[PDB]
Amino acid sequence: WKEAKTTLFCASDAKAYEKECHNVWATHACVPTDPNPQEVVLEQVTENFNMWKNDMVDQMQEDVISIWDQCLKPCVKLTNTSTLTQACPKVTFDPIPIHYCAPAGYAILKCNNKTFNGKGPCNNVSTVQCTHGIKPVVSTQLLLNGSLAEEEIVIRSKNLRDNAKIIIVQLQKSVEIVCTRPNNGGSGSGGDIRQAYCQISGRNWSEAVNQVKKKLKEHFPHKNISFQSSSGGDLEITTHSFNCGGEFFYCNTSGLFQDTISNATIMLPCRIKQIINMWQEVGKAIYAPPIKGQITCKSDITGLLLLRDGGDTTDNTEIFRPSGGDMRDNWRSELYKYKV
């Protein structure tokens, strides 16, 4: 019942016989998932939650940064003070769910109110030792492979009137996205081994957007809701950037963030980029060319990272664009419901 701050531990299903890098890091750094999850509901309670000021997020930040240091080693790392050249071996890459638990003398409070916006009081509270499994999926614009909202879309913002405050959206309708790099023979041949594409069903996304647009009109009354491409920035933001199978995907989302979306299946152009801007620290990291064979990732869109157009309103239309780049917000989208 007291606000607390201490180091926590992770529990995974990491298998020691696994060469996948997340497991290697998880087997060595996490304890097995508790066999029986004990959760205690409190029948008459209230506590104030702040998803935007939570040490749990900053803790997973330090963890997900550590993972990427074992898994994805750049051939060259340029920062403001240092230059690194090293071996950049390829690795088998897959996110595995991570559970976050409280040590002895501490417990975790979980909001079970289905429509909690992440800031303020929740009339209904529970206590568990360990959080649900969260894949540390690193991405921009689109939130992938996260937990989904029970009843209705949720809008999370520290302050919506603050246009500089990122807007996390949690969906009630997962939308399947497949990004593939088609198979082709070798790097020496004439083929462009960095050409890639995604396929998202047009009707699914177009109708999901309408539901997001609907939930946003409730926080902005008497206004039109518009989705337009990114106003600019690094390539990681202006494109759906993420890592699929150890390779860095940059998927241009002009076809997704459009006011009128076609019914028919959508095809997004992507590119595998060696040269990437690091989210762990401010700097550039260069990775080796892509591996041979087919690279595919069937992922589920469960949330968004949006940024509203500021300034005087031209047409009484509030424009939201895709954004990201601070992976802590990705973690908040999951750990919003927990506090210690």
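We number the residues from 1 along the sequence you see.
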Would 182-190 or 228-236 have the larger average of its C-alpha temperature factors, as given in the entry?
182-190
The stretch whose C-alpha atoms carry the larger average B-factor in the entry, 119-127 or 195-203, is 119-127
Among 319, 327, 16, 21, single out the one with the highest C-alpha B factor in the record, please.
16
By the entry's C-alpha temperature factors, tell me which of 111, 244, 143, 164 sits highest.
111
Comparing against every modelled residue in the chain, figure out the third that the C-alpha B-factor of residue 69 lands in (lowest, middle or highest).
lowest
Using the temperature factors of the C-alpha atoms in this entry, rank residue 307 within its chain: lowest, middle or highest third.
lowest
Residue 210 - Cα temperature factor, lowest/middle/highest third of chain:
middle
Lowest, middle or highest third: where is residue 147 by Cα B-factor in its chain?
highest
Could you tell me which third, lowest, middle or highest, the C-alpha B-factor of residue 61 occupies within its chain?
middle
